[PDB]
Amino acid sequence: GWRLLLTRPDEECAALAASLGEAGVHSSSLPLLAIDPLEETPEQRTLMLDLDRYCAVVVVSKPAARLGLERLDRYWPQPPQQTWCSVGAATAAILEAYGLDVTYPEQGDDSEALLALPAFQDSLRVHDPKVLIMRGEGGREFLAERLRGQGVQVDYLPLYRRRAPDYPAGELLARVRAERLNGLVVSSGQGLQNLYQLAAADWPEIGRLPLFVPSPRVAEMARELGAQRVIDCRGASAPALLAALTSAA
């Protein structure tokens, strides 16, 4: 059967490993990014104290929901009236567990899916619309750029930095060989980049394996890097990965 390398951050990695194990798929976890919470600056705290200026808040990732909820809880006994948005169901559920109503697409692989969602566009129907994006220190500029194009002002709240964990030399190749892995999962472009960087000289070998990517954009990024077997899952969730595994080899 399928024997997969997972490369997602540690917390999301364990939840995926468990789902895959429950479905009877073997996996080995090698997080290619670690999540380092950011120290809130005075300018960032001000954004949070003025959270009620935003008609929508977009949470781009599971760590952004977790860390973003900490600051919400810190500064808001009662959350202001605004629309909370997510790209996927899995990010939405962290917010939902807190008690928020979340706007998100059902297909939901990428920023585009949220951007095109009628419920999301409706939340922008406001005088001088302002949106807050909760995310890492860096990321995709697409959503901000597009929102600004429609006359929406866009602020970022960085919550964490993403860094490559330090592994003993050869960890990636050792894992693929020792665990007889026949597939790789990445869940983002940065994750895919870190994989290429860590593969280094063994990339011709590693790039050979079925590479399961969450979206068309990441699929394109992977071809550009020389990955020979690029597989587009319809999103980053476990069910999406299972359906993609069934269809592949």
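Throughout, we count residues from 1 along the sequence that is shown.
Chemist: Using the B-factors recorded in the PDB entry, average over the C-alpha atoms of 130 to 138 and of 107 to 115, then report which stretch comes out higher.
Modeler: Comparing averages over the C-alpha atoms only gives 107 to 115.
Chemist: Averaging CA B factors per stretch from the PDB record, which one is higher: 22 to 30 or 194 to 202?
Modeler: According to the PDB entry, the answer is 194 to 202.
Chemist: Out of 178, 144, 157, 89, which shows the largest CA B-factor listed in the entry?
Modeler: Of 178, 144, 157, 89, 89 has the highest C-alpha B-factor.
Chemist: Ordered by C-alpha B-factor within the chain, which third holds residue 245? Give me lowest, middle or highest, please.
Modeler: It falls in the top third of the chain.
Chemist: Within this chain, which third does the Cα B-factor at residue 172 fall in: lowest, middle or highest?
Modeler: Lowest third.
Chemist: Ranked by Cα temperature factor within the chain, is residue 93 in the lowest third, the middle third or the highest third?
Modeler: Residue 93: CA B-factor falls in the highest third of its chain.
Chemist: Could you tell me which third, lowest, middle or highest, the C-alpha B-factor of residue 161 occupies within its chain?
Modeler: As the PDB entry reports it, the C-alpha B-factor of residue 161 lands in the middle third of its chain.
Chemist: Going by the entry, which third of its chain does the Cα temperature factor of residue 100 land in?
Modeler: Highest third - that is where residue 100 ends up once the chain's C-alpha B-factors are sorted.
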